[PDB]
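Participant: Need coordinates for the below:
(6 chains)
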Amino acid sequence: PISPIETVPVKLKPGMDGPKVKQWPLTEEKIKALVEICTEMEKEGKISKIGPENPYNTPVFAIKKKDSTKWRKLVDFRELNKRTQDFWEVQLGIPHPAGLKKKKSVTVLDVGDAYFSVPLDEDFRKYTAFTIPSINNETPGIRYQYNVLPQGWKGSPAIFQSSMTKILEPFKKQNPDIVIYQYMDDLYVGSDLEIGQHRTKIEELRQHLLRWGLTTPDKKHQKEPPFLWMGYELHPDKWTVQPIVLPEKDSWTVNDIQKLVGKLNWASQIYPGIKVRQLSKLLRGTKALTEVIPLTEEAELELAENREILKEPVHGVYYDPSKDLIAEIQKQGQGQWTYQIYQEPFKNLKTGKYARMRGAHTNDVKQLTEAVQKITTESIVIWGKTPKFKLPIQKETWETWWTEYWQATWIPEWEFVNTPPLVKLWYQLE
Amino acid sequence: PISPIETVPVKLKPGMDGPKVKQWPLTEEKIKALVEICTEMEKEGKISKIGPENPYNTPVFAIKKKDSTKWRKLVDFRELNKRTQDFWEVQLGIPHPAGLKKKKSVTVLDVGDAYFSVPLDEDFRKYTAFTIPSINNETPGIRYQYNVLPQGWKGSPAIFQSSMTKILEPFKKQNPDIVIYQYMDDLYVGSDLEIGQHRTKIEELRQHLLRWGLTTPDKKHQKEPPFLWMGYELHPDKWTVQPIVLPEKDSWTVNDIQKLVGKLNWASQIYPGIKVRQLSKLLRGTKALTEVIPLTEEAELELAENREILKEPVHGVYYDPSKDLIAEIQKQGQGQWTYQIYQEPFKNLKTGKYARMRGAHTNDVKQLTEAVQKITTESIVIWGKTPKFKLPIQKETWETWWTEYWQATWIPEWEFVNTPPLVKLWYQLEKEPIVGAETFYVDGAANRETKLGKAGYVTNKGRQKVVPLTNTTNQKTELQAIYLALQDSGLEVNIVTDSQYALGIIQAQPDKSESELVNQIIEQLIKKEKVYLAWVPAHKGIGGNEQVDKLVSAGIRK
Amino acid sequence: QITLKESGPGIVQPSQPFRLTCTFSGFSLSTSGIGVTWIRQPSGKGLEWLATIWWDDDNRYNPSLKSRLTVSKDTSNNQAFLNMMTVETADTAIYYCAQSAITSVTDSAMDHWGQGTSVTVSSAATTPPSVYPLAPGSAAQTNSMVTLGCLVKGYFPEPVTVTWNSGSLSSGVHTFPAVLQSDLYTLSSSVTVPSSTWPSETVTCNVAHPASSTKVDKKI
Amino acid sequence: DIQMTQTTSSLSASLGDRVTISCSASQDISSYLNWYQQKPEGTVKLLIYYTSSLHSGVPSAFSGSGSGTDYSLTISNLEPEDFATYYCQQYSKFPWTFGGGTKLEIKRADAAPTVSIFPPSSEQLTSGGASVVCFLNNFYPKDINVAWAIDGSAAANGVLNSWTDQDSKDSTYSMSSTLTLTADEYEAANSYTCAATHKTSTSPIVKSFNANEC
DNA sequence: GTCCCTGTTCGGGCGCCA
DNA sequence: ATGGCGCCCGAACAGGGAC
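Facilitator: Numbers count the residues shown, from 1 in each chain, chains lettered A, B, ... in the order given. There you are, the coordinates:
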């Protein structure tokens, strides 16, 4: 019983045969969920069955959120996305409000359901198809196709906008003090209210979403032992502002001074006022790499100087909404992880680091994924776009564990690469 | 009979059209044969006479030389295929016995005429159209079109599959206690019920199947103890694959090399660790797909073992939920690993091997990691669950390995086992430079066009050296220069390089490599007591860097 | 700051049930981190955890009592409740309520309590004391310091007050807690006067038991 | 549902002293332990959370300490107010459990019990009631034994006794036992004897009387 | 502006299955 | 008869580094 709203035309970029990605293996645990959840979707009519005739395909996987609702269905549509047309409906319909980042807290709502109340272009469903597999391949593949707007497809938000706006219209009008952002399947609500006051306000908006357009949002799950829910809230008022890359000591060896100059030479790309020849002269001889301790008094006056130069925020911050965002993450230390976000190389727009995780959960891939997910969270609240990740791992490894740790509704683009001592120099800025 | 199932639509790829190929004239007898066939299928309902407006046609070639009740008079729809849209095969792979669980009673039914039972899109039919060449007597020949699913057509496969499923689906939903593995047109069934109750179900099934058009030949496996399914031999408590017949004598030709290699790989299912590489290396390099390879001599030693193994009667048990999955690895050849997956000690489930150099410069720990994951994905399929690992490596190694490694790497729940060539890292760069050792300032360089260059160095104690080399490149030289210093090093050394390229390749902690130069460096680093390494920028001229510069080149090298 | 007082029935016949109330002022049972907790302190024992009421309606009891225990909370008027059915001897104790609050990701303790109520379980009814004087007797006053005593035997409602010489005495007086003798209370007390005093001027123990409204004075 | 055990039940210290209380759990509670201080007057106040974090308004002297399944609570320099009962609490497994707190009493120079025995009055005897009481006042520390021994040293059935807390004036304690015998038995017997045994001088403090009048 | 390496996807034979 | 899968060599390709 989908809305009587008309079918908005949807077509893709020229010369793009749409998605045709194959499905990766899934755990029995995931299958069951990905099943019961999709079958009901058949009855509800938001999905129908289709056979081999549809040569297109996109992947799906279940992720177990820690909320009162149930499993979450995720249809990786990154491809279909890029393949899909340019939707002005978002170009204007989804303008990022600056003050969003400036708030005492912000909450994340999964409002995916809202997209079932609207139908999808009759002539486009062939591009949403996914295939649920089975253990040991008992049977062949069961392939479902979308009828309504698919959760997590760049087009979906774009279209639904008008509806989402009128719905929130009352709430925002009531307490205009609140700034609401829409991103794919999430609703970002920030306020400078008190944690308790904020929660309640959220719940209100969560209530409203019920009475109107049967917008049902996942219901969180609270408990006692280790209180995770207390941190579900997203406070960006004290968001890690990078500025912890320094070096200092007394009696320095050749090795030391040598390494130091090596650093600065590269740093000269991020900071102009840099004098490298100074120390280079201090060590202009085939001296012993080790014991050698060329204690200089002249270098000091300039060594502290480079610091004065790169003293605070660098003059270069310039976000151009025409360019993509890039994120770089490197394994700097045990448990600790560092990251940077740039549009142009060596001119980073922001920096940061995913530190030690307060919990016995020890897993490299996990630490990384959690990092990327939290990095993305930031990139969203600010610029509003998701940065391309240059992952510090091999395609193979990531591809066999990233799912068993992901938890967000949206998914970022990512590629695999390796880093040199330049970045791993503990001087992250790339 | 004709299946009353709804027809799956199908179109031709946006760009082409129907297949129009000239029908060559068959043998006078062949024609007669083709007639007998076409007519038969017609009288039945598998094909239909067409009208004189269908300008499409595929060729046919007959040959009923097979045994009685078996012949040949099919079409080579090659051209058709080259135009018919693509599909989505709807397959994540073939099943595995090891995945199948134990039941009280089992059966194996099969549907006959499968492809000739599901109808083709009546709208698309006009494309399959063919002509049966005539005997000189009658001027015009007979025209026919498929009304069913023709073999040798990309479509058929996926169609009959989906179809098969949809038919079974209801049955399955009305009694979720009978396990049915549907593969192509083979129906494996099991269910915890007395043979009697089972028979009933098996029949109720046949009745549903046939009603929908899918017959059920008496080929249905009745013999409880043994079932021939997907090639595997299913027993009341174990499975095997007796058809492991090899060709000892013929194994001389290159193409035959490939034969055995393949055969072996398969055998790995239950036949423990085998290093096929023995024969594989023979296949490598070879290009002339005809002549023979003498390398067989090494196999005489290597393959010898594999043969014995292939001789040793092995088998795997079934999978069970109450217990757990466990996989352990072994180390044989220089890049030949083997893992056995079981639940109970001696009761082996499934076995296989790993043998890939992710890159040009890998190391033992990397390889194990690769394999473990490899096993991971496989298991996530055959059973849909990550098994526990018995990796041949001590805790401390894995620890140091991954910590230093400035790169995200992890392994699931694994325990320490000791037996084969214990996987461990050889050398280890020193954290801080060792005082009381020489500090070689190494360097290298060459000219793109010269096709030759030099490699050398200087020491903090004034010592120097320089050697020229040919057939290398700028990058190659730097890596080489490292060697010079190494060879001429003491018991401990603080080597310094400027080519970060060379630096990385080492930091990785290489164990082996197809690159002889790096291989050398490794072998040496091994013996060398303490080895340190730092990086310095070339154009700044830091420390001895400015010296070696002029040294390797007085403005230029020669 | 916030505070919470509780109230109960004071006395409950064994096998019968009761209902205790915690009227709080300051917080609300409608704030993510808040909560209300009932802790029981038995006669001479330590602290026992009964149950805890949580904002989200998630109520939890002690596995040992849930059977005869049920909690509630009329949020609108800042009152949580504790219901106990079929009360037996043991249960006679002082029950407290406490505002519990998940302060943050790693912290969750009971921040504020309030002197609990005393619920007594006894088949007994209102009974006045039997007050007998403890004159030194047989052994005559020897030392220049004599101890005098008063036996207050057989009263029921635990609250009973005793003083010496209409309040003149306070220097050295001991009053010992009662003990459930025959379902009733047998309480004693004694004083020490410097010889001369008692022999000459009169010492008196006066007992008062509100419940039976019997004020009584015993001299000697 | 973790068995919480506070080994040391009741310790004695003095003004200026330093005290450490030991609380043991049954399984790594990951520091999910609190500290409640119940004053003799009844009121229970919150001291600290996370077995370390100081609760707003509680003096520095109160420091948090502990790990695994063994934790501790320490007061720098004991002041007259800190003499109460300290309850240890956990909050990992929901069945919140308190491990019998640790009493922190005033340490005084012990002293023998001033024993006085009173003979049942006729004012009562005339109702069949023959109540005998032997007051044991002012003595340190609590550790005191009594013996109601009539001719034959039998601890006649009918022994009801109670003792007071530490009188914050002299830091001692007092107890009193009341032997309950019927008029029948009162007359039957002859002399009644009260035996108080204390760390005095290994001497059994005994006071008695004889007078079977009813 | 062109090579260096170098880490992946195909072709391509194979064995195995219907 | 085409269609699936894994295996185990070449070829081709695109992309960080850098002269």
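Participant: Domain ranges for chain A, per the record?
Facilitator: Listed domain ranges for chain A are A:1-93+A:116-156, A:99-115+A:157-225, A:226-319, A:320-426 (source: curated CATH domains).
Participant: tell me how far the ends of the shortest one are from each other?
Facilitator: Domain A:99-115+A:157-225 has an end-to-end distance of 35 Å (criterion: Cα to Cα, to the nearest Å).
Participant: How far away from the center of its chain is that domain?
Facilitator: 19 Å (Cα atoms, centre = their mean, to the nearest Å).
Participant: what residue of chain C is the furthest out?
Facilitator: Using Cα atoms, centre = their mean, the residue of chain C lying farthest from its centre is residue C:142. It sits 39.1 Å away.
Participant: Assumed that residue was part of a helix.
Facilitator: No. Using DSSP: H, G, I helix; E, B strand; the rest coil, the secondary structure at residue C:142 is coil, not a helix.
Participant: How about the contacts made by it?
Facilitator: If a contact means Cβ atoms under 8 Å, 6 or more residues apart in numbering or on different chains, then residue C:142 has no contacts. Using the backbone N, CA and C atoms, a C-beta is placed for each residue, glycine as well.
Participant: that older thread, can you list the domains of chain A in JSON lines and add mean neighbour count and distance to chain D?
Facilitator: Below are these laid out as JSON lines (neighbours: other Cβ atoms under 10 Å in any protein chain shown; distance: least, Cβ to the nearest Cβ, whole Å):
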{"stretch": "domain A:1-93+A:116-156", "mean neighbour count": "18", "distance to chain D": "18"}
{"stretch": "domain A:99-115+A:157-225", "mean neighbour count": "18", "distance to chain D": "6"}
{"stretch": "domain A:226-319", "mean neighbour count": "16", "distance to chain D": "7"}
{"stretch": "domain A:320-426", "mean neighbour count": "18", "distance to chain D": "9"}
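Participant: Which residue ranges make up the domains of chain D?
Facilitator: Following curated CATH domains, one gets these domains for chain D: D:1-107, D:108-211.
Participant: just to revisit the earlier point, could you redo the domains of chain A as CSV and give each row distance to residue B:259?
Facilitator: Below are those laid out as CSV (distance: least, Cβ to Cβ, whole Å):
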stretch, distance to residue B:259
domain A:1-93+A:116-156, 27
domain A:99-115+A:157-225, 53
domain A:226-319, 56
domain A:320-426, 30
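Participant: can you list those domains in TSV and add distance to chain C?
Facilitator: Formatted as TSV, the domains of chain A follow (distance: least, Cβ to the nearest Cβ, whole Å):
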stretch	distance to chain C
domain A:1-93+A:116-156	10
domain A:99-115+A:157-225	5
domain A:226-319	4
domain A:320-426	8
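Participant: mind listing the helices for chain C?
Facilitator: C:197-200 (DSSP state H).
Participant: sorry, that was for the stretch 251-400 of chain B
Facilitator: For the stretch 251-400 of chain B, the helices defined by DSSP state H, counting those that start in this stretch cover B:254-267, B:277-283, B:296-311, B:364-382, B:395-404.
Participant: you'd agree residue A:82 is in a helix?
Facilitator: Yes. Remark: residue A:82 belongs to a helix, assigned using three-state DSSP.
Participant: and it, what does it touch?
Facilitator: Residue A:82 makes contact with residue A:13 under the criterion Cβ under 8 Å, 6+ apart.
Participant: cutoff 10 Å now
Facilitator: A:12, A:13, A:16, A:19, A:154, A:413 (Cβ atoms under 10 Å, 6 or more residues apart in numbering or on different chains).
Participant: I'd like the distance between the nearest residue to the third one once chain neighbours are set aside and residue A:144.
Facilitator: Meaning residue A:16. Nearest residue to residue A:16 in three dimensions, chain neighbours excluded: residue A:83, at 4.3 Å (Cβ to Cβ, 6 or more residues apart in numbering or on different chains). In this view, residue A:83 and residue A:144 are 19 Å apart by Cβ to Cβ, to the nearest Å.
Participant: same question, residue C:34
Facilitator: 45 Å.
Participant: just the helices in the stretch 201-350 of chain A please.
Facilitator: Using DSSP H, counting those that start in this stretch, helices in the stretch 201-350 of chain A cover A:229-232, A:254-267, A:277-282, A:298-309.
Participant: Tabulate those (TSV), appending distance to residue B:80.
Facilitator: Output for the helices of the stretch 201-350 of chain A, formatted as TSV (distance: least, Cβ to Cβ, whole Å):
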stretch	distance to residue B:80
helix A:229-232	58
helix A:254-267	61
helix A:277-282	73
helix A:298-309	73
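Participant: Which part of chain B gets nearest to chain C, residue-wise?
Facilitator: residue B:410 (26.2 Å; Cβ to the nearest Cβ).
Participant: just checking, that residue touches residue A:394?
Facilitator: No. Applying Cβ atoms under 10 Å as the test, residue B:410 and residue A:394 come out as separate, 11.4 Å apart.
Participant: Give the residues shared as contacts by those two.
Facilitator: B:369, B:373.
Participant: Residue 161: what's it in contact with?
Facilitator: With no chain named, the answer covers chain A. Here residue A:161 is in contact with A:87, A:89, A:90, A:92, A:93, A:94, A:182 (criterion: Cβ under 10 Å, 6+ apart).
Participant: other chain: chain C
Facilitator: Counted by Cβ under 10 Å, 6+ apart, residue C:161 has contacts C:152, C:175, C:187, C:206, C:207, C:208, C:209, C:210, C:215.
Participant: Can you tell me the centre-most residue of the chain?
Facilitator: Went with chain A since none was named. Centre-nearest of chain A using Cα atoms, centre = their mean is residue A:376, 2.3 Å out.
Participant: think we crossed wires, I meant chain C
Facilitator: Chain C has residue C:118 as the residue nearest its centroid, 4.6 Å off, counting by Cα atoms, centre = their mean.
Participant: on that earlier part again, okay, the contacts of residue C:161 in a markdown table with distance to residue A:61 next?
Facilitator: Compiled in a markdown table, the contacts of residue C:161 are given as follows (distance: Cβ to Cβ, whole Å):
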| residue | distance to residue A:61 |
| --- | --- |
| C:152 | 78 |
| C:175 | 75 |
| C:187 | 74 |
| C:206 | 83 |
| C:207 | 80 |
| C:208 | 78 |
| C:209 | 76 |
| C:210 | 73 |
| C:215 | 82 |
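Participant: and these, which are buried?
Facilitator: For the contacts of residue C:161, a burial check counting by 16 or more other Cβ atoms under 10 Å in any protein chain shown picks out C:152, C:175, C:187, C:206, C:207, C:208, C:209.
Participant: wait, the fourth one sits on residue C:160?
Facilitator: Think residue C:206. No. If you go by Cβ under 10 Å, residue C:206 and residue C:160 don't touch, sitting 11.4 Å apart.
Participant: Identify the contacts common to the two.
Facilitator: With contacts taken as Cβ under 10 Å, 6+ apart, the residues that reach both residue C:206 and residue C:160 are residue C:131.
Participant: Contacts only, for whichever residue of the stretch 101-250 of chain A sits closest to DNA strand E.
Facilitator: In the stretch 101-250 of chain A, no residue comes nearer to DNA strand E than residue A:137, which is 12.1 Å away by Cβ to the nearest atom of the strand. Neighbour list for residue A:137: B:91, B:92, B:93, B:94, B:95, B:96, B:99, B:181, B:182, B:183, B:381, B:382 [criterion: Cβ under 10 Å, 6+ apart].
Participant: Neighbours of the second one, how many?
Facilitator: In other words, residue B:92. 19 (other Cβ atoms under 10 Å in any protein chain shown).
Participant: and if you look at the last one?
Facilitator: Summarising burial for residue B:382: neighbours were counted as other Cβ under 10 Å, giving 24.
Participant: likewise the fifth one?
Facilitator: Here the number of neighbours of residue B:95 (other Cβ under 10 Å) works out to 22.
Participant: May I ask you to confirm that it belongs to a helix?
Facilitator: No. Under three-state DSSP, residue B:95 sits outside any helix and is assigned coil.
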